[PDB]
There are 2 protein chains.
Amino acid sequence: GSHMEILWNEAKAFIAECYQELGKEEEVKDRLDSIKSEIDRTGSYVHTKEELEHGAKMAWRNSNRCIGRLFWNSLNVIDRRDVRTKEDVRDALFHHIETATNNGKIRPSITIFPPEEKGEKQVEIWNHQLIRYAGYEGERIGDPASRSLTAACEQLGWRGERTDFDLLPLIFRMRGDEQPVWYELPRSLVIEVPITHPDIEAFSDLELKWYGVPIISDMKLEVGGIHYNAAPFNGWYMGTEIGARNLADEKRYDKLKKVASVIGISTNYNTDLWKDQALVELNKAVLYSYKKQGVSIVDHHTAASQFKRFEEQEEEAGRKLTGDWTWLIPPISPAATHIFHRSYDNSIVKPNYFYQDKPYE
Amino acid sequence: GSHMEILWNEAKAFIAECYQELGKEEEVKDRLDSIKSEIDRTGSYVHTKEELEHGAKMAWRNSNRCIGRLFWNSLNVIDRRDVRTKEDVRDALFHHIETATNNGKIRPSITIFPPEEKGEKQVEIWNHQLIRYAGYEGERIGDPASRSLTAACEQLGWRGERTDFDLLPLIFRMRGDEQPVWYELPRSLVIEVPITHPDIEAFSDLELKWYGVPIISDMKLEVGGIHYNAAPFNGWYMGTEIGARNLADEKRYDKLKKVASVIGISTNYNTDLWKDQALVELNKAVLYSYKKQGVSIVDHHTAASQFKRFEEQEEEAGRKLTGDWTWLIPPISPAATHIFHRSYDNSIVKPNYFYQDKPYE
Ligand code: HEM
Ligand code: HEM
Ligand SMILES: C[C@H](O)[C@H](O)[C@H]1CNC2=NC(N)=NC(=O)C2=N1
Ligand SMILES: C[C@H](O)[C@H](O)[C@H]1CNC2=NC(N)=NC(=O)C2=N1
Ligand SMILES: N=C(NO)NCCC[C@H](N)C(=O)O
Ligand SMILES: N=C(NO)NCCC[C@H](N)C(=O)O
């Protein structure tokens, strides 16, 4: 009753806006009647290959927390709404990793799976990111942020080698199944980058490494009332995400003290700013390492500069700019970027990507 | 009519809360009747030396943008509500600088001047901070943030030597006067710190320096409906305010490129993170310099650690904590502090310090 009312309302708003941007104003009338009859006949409607493709781009454009939005219209949209089996999903996910990686020259992509029908999911992806390291406890091993999912995977028959960098397997559930299935990732498909420093040879003693491509797989893509709970996407890393957060946070890998040791500085006094110096050297190491192995990565200054250009384009296009200052500012030298010196409207505009409840935990 | 209604309401709320904290609950009844008759007789009321003293502390405690709130109850309250002449104000301001500086061992203080009566100010301070450098244009000279006030001072007969560090004179207006008066600051009263690096000798070639004590003099102190438009206060500097903002912002002294030059690094590539390395070395220089000259200063890690202790105390006292995340996080290595990893309620609670319109511009 009310669900068939919200759907139609969001559909009218989307088709008008989407079609307007595609230089498509006259086809709006004939497309909305087809949609009205489809919602009455079945209870939902199916997007065309052009609608969801541009819808996915519009969603990226509206992502307040993303600094890489300048590249919104270049998104590689892979249509996999035809998957029916677990093998279809597994291969589609494998394909995503492969085509997105592109031997290092990362391609911003998104794979669209079947959306929810009567509020129930067709495909449910458990992984936060397709490629991600496991986490364990006694004393900290691996990535702490992955603990709950690791435990869930282990309750399904999977077992990790308990190193600091164990690749979590792909884990997802199909409609009709009570428990999810899992598949170990083929190593030939995952690029990993060992972290080394351009001037400091001892840096390799830390034996740090990270994976080349971040593929968020647990967010819901909302386009015109249609909920794509399963639609993995990826960009390339901004150095700061790895060297200032993933490897730096006390609740993550917490490596600043060990970094200070190999670069030769004391951790005795905050006034020496050892954490700041450690952060700079660790972050320099990350950018140098990815570049050296031929894997795309961007530094926060270049990223902010690209984002400034995005702000200008949005103003030129006539569109209102939305953003979350607290996430847009880089965790290192934020005042050195223009983002810090201005304010953003944190309003939510659809289409967009949303958080959804974790099936585990 | 309505003004005599807002005043009484804010007075009841303040006396109850203030007296409650002072272990003063029974004197509330007899204090509020005196205040009610005072508002009817004159149109306002006069705080006791205990009320405004604690009121000034409570205002600091409620300052969402301040990271140094752990020290709220140690504030040195100087009562100068007895000033009538421009000389009285001048000497009180001179006294503030002297006693607050305390030969380097900075004392957090605030001088209270007569508040507003029927909405009109008794004393109006034009300076943003009592001690501050001038700014000029053709090509940038001095501090750009001081340009408008410098121009106003120059329209009153004052002339600066046009160096990058010219001390602005004290400039304030008395009730009954159309234009403000000004007084050059006695150099013997102002401590300045030349910036040098502990390991890099060439750093002195930049010839940078900053003043020892930040004394905000243009904010309005609101306590129980009483508006103290003139109530200069000071703490000690957090290194980041000088080396990451005052000397780093492109719109301020913009020294990062020159810093990179003396420390021996190239400014060619963002991927080398030269701005970040320059920031670390410039900030290390600031902390080392102040410490060397015996002037109080705190690094951002120690400051955040002290602020964490403040959060705990507020929870122990039963008080709701308020804060502005965007200002609490340091401009350098914010993710290395606990502040970055949590959220704050940016609600305004009185008493507090507020912004007021600038008489110049
Ligand atoms: C092209 C390269 C890209 C860069 C450099 C980039 C960068 C960023 C960064 C730095 C963040 C903050 C991440 C964090 O702090 O955890 C972020 C968040 C986000 N980005 Fe991107 N991004 C890129 C591509 C994409 C694409 C392809 C999409 C969608 C189609 C997208 C959607 C989002 C969303 C929704 C968020 C919020 C994620 C969350 O809340 O965890 N981004 N991005
Ligand atoms: C004890 C040492 C103190 C430290 C370390 C400290 C530190 C800070 C810092 C770092 C800021 C941000 C400044 C900026 O970004 O421009 C700030 C803001 C502020 N502080 Fe303090 N503070 C201290 C004392 C005080 C005192 C004594 C008061 C009041 C009685 C106070 C009131 C405030 C207020 C109202 C703000 C906001 C100022 C504005 O909006 O420009 N602080 N403080
Ligand atoms: C509460 C606050 O919004 C969070 O701690 C933020 C702040 N900024 C952030 N920035 C980025 N890049 N990633 C985050 O997870 C993040 N989290
Ligand atoms: C719009 C935004 O609130 C301002 O640019 C902020 C952010 N954080 C800040 N932090 C500090 N310490 N001082 C500032 O002036 C400041 N300004
Ligand atoms: N830069 C991107 N996408 O392109 N980031 C997505 C989130 C990545 C996450 N912050 C991580 O470190 O794994
Ligand atoms: N730390 C304090 N007070 O104690 N700061 C007040 C504002 C100072 C200002 N940010 C400056 O650099 O001049």
Side-chain angles (χ1 to χ4, degrees), chain A residues 198-199 239-241 243-246 248-252 254 256 265 267 269-292 297-306 324-327 329-338 340-341 343-344, chain B residues 198-199 239-241 243-246 248-252 254 256 265 267 269-292 297-306 324-327 329-338 340-341 343-344:
Chain A
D199 292 344
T240 59
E241 299 176 86
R245 301 299 309 287
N246 301 352
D249 292 3
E250 296 176 25
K251 274 183 61 63
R252 298 295 293 285
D254 190 37
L256 299 191
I265 65 177
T267 62
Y269 326 102
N270 302 323
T271 58
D272 281 343
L273 301 189
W274 63 269
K275 285 173 176 182
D276 311 266
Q277 191 166 337
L279 276 164
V280 175
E281 302 307 332
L282 175 58
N283 278 278
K284 285 165 61 181
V286 171
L287 295 165
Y288 166 75
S289 297
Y290 274 57
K291 179 71 185 307
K292 188 195 218 173
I297 196 157
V298 66
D299 66 89
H300 53 296
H301 306 106
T302 302
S305 191
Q306 287 161 338
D324 185 346
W325 191 94
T326 72
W327 275 62
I329 56 149
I332 289 297
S333 298
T337 71
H338 85 282
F340 182 95
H341 301 92
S343 62
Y344 297 90
Chain B
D199 292 344
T240 59
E241 299 176 86
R245 301 299 309 287
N246 301 352
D249 292 3
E250 296 176 25
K251 274 183 61 63
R252 298 295 293 285
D254 190 37
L256 299 191
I265 65 177
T267 62
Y269 326 102
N270 302 323
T271 58
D272 281 343
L273 301 189
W274 63 269
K275 285 173 176 182
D276 311 266
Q277 191 166 337
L279 276 164
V280 175
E281 302 307 332
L282 175 58
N283 278 278
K284 285 165 61 181
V286 171
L287 295 165
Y288 166 75
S289 297
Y290 274 57
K291 179 71 185 307
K292 188 195 218 173
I297 196 157
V298 66
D299 66 89
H300 53 296
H301 306 106
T302 302
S305 191
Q306 287 161 338
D324 185 346
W325 191 94
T326 72
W327 275 62
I329 56 149
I332 289 297
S333 298
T337 71
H338 85 282
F340 182 95
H341 301 92
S343 62
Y344 297 90

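Scope of the values below: all heavy atoms of this structure, side chains included, with no hydrogens, waters or symmetry mates. Lettering of chains follows the sequences in order, A, B, ..., and the numbering in each one begins at 1.
- Annotation: side-chain hydrogen bond (donor to acceptor under 3.5 Å, both in side chains) contacts of A:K275 (sequence neighbours excluded): none.
- Considering only heavy atoms from C-beta on, A:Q277 comes within 4.5 Å of B:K284 through its side chain.
- For A:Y269, no part lies under 4.5 angstrom from a heavy atom of chain B.
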Side chain to side chain contact (heavy atoms under 4.5 Å, CB included) assessment of B:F340 paired with A:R245:
CA-CA 11 Å; B:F340 182 95; A:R245 301 299 309 287; 3.6 Å; yes

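- With a 4.5 Å cut-off on non-hydrogen atoms, A:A244 touches chain B through its backbone but not through its side chain.
- Proximity to chain B is absent for every atom of A:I297, based on heavy atoms less than 4.5 angstrom apart.
- Across B:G239, B:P331, B:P198, the residue that shares the most heavy-atom pairs under 4.5 angstrom with chain A is B:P331.
- In terms of non-hydrogen atom pairs under 4.5 Å with chain A, the most contact-rich of B:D276, B:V280, B:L273, B:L287 is B:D276.
- Shown here for B:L279 and A:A336, the closest heavy-atom pair between the two residues is CD1-CB, 4.4 Å.
- Contacts of A:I332 with chain B are made by both backbone and side-chain atoms, with heavy-atom separations under 4.5 Å.
- Counting heavy-atom pairs under 4.5 Å between each of A:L256, A:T326, A:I329, A:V298 and chain B puts A:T326 at the top.
- Qualifying salt bridge (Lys or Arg N to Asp or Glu O under 4.0 Å) partners for A:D254, counting only residues two or more places apart in sequence or in other chains: none.
- When heavy atoms are compared at a cutoff of 4.5 Å, A:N283 approaches chain B by way of both its backbone and its side chain.
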